[PDB]
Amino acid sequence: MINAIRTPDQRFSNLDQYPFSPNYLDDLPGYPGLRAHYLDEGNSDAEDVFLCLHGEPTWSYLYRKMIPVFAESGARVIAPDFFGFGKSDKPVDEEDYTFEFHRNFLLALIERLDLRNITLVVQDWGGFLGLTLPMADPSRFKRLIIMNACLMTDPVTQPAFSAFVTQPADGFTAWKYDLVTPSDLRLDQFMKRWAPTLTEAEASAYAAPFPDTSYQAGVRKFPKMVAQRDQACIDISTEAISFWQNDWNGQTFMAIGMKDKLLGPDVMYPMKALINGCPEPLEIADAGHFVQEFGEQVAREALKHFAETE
């Protein structure tokens, strides 16, 4: 019904530091015939579940250094790959991807696996989407781990969540230009630019999912939805502000990648004020946009923070 293609399994043969077994679901309600890939690590009967959401233009591969720290703590870790990324199937038309299409996939996933006692782990698009999930069923969420992200509200209600789009020129403008303009987009070279510490092996793991441009419709669409917020997204993200400010009663841990040009300190401090009970943030000086690349530290510190409250 929704024309999609699937990445040949062979593309993932030689992944570096990725020993996690695949789990798939192809019976989601609303997503008929589309297969979703997710990691389900640690004790599947754990009381605590960490739901790790990725963003643009990555995949679960991005949480590979956090996963084992969470799992060794006794938790069940879930890390899905959004349609269009990693090992999930990729709709071929950029028009199929919308804020709600990915949002609904997430609610569908949570219902299907019946996840409870969730510690939400977000960043980038994983947070734009993820920060709007607790208000739909608050009883299932208990903690939040937030890395560089915010809500895609309208420019007036929150100017900090709009300003980064236009400035600086080497910030979101450069990122977007790099992503939606080349006709021969190489995600390994893009990653090495925006995540300078990656090795060549890690870099290639982010290009693994896309053998050629036909597979990258979802990759091309994310940047454009940041820049051109559809109504439902604005209403949805605006009502979530209300949720974090007055309804949230959970424990929160915030980590900021200080070298980020897009969603750094000028976007994080304002987020921090909006989340009821958010404590002092852990600032990671050598981290860029992809804070997960310095994940072992973030994962340990967060469990250390959450422990000193149990």
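We number the residues from 1 along the sequence you see.
The PDB entry records a higher mean C-alpha B factor for 27-35 than for its counterpart among 260-268 and 27-35. 58-66 and 40-48 differ in mean CA B-factor, and the higher of the two is recorded for 40-48. Note on the listed residues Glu239, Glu202, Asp81, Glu100: the highest Cα temperature factor in the record is that of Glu239. Sort the chain's modelled residues by C-alpha temperature factor and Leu53 lands in the lowest third, per the entry. Sort the modelled residues of the chain by CA B factor and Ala217 lands in the lowest third. Remark: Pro134 belongs to the middle third of its chain, ranked by C-alpha B-factor as recorded.
Sort the modelled residues of the chain by CA B factor and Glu94 lands in the middle third. Compared with the other modelled residues of the chain, the Cα B-factor recorded for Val291 ranks in the lowest third.
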